[PDB]
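One chain is shown next in structure tokens, namely the form deposited in one PDB entry.
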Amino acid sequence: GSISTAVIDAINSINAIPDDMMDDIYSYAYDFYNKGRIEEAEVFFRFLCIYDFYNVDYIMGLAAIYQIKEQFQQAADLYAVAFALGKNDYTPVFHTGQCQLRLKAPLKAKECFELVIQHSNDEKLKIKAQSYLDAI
């Protein structure tokens, strides 16, 4: 998957696609996604993540697809990458908590939701995180 590609690239380690074209491909990926063409969107986000894995917008798009497809471990892993890339957005941490609950890891999920409540300034996200904590 995207992560193994990133690691292989680093084991083995040119502006082949301009920024404007990458922007266009990202918009096409969401066109597919928004129409329910999840498989085509997944290919396009995987393509983007092969070219530029360390891009928070590409990673978040792919992580969303895996969460929808109930591939919760892959989703949680990518959301954690997204947080490392975007340290001030707790949305990926919230979604990681959801994934951990589905993975039968409620203590990991609780820690995710607690991080949101302590550190996020998104008041609506904090309510959602608290609703999960109340159920745990």
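Numbering starts at 1 and follows the sequence shown.
Per the record, residue 13 and residue 14 are separated by 4 to 9 deposited residues that have no coordinates. A summary of the deposited B-factors shows that, of 80 to 88 and 55 to 63, the stretch with the larger mean C-alpha value is 80 to 88. Set 97 to 105 against 41 to 49 and average the Cα temperature factors; 97 to 105 ends up higher. Split the chain's modelled residues into thirds by C-alpha temperature factor. Residue 131 is in the highest one. Annotation for residue 17: C-alpha temperature factor in the highest third relative to the rest of the modelled chain, per the entry.
Keep in mind that the form deposited with a partner chain bound is not shown, yet the notes after this line are about it.
By the criterion of a heavy atom within 4.5 Å, residue 64 is counted among the residues contacting its partner chain in the entry with it bound. In the entry with it bound, residue 126 stays away from its partner chain, with no heavy atom inside 4.5 Å. Relative to this conformation, a decrease of 3 Å or more in the Cα-Cα distance between residue 23 and residue 7 is found in the entry with it bound. Relative to the shown form, the CA atoms of residue 7 and residue 47 are brought 3 Å or more closer together in the entry with it bound.
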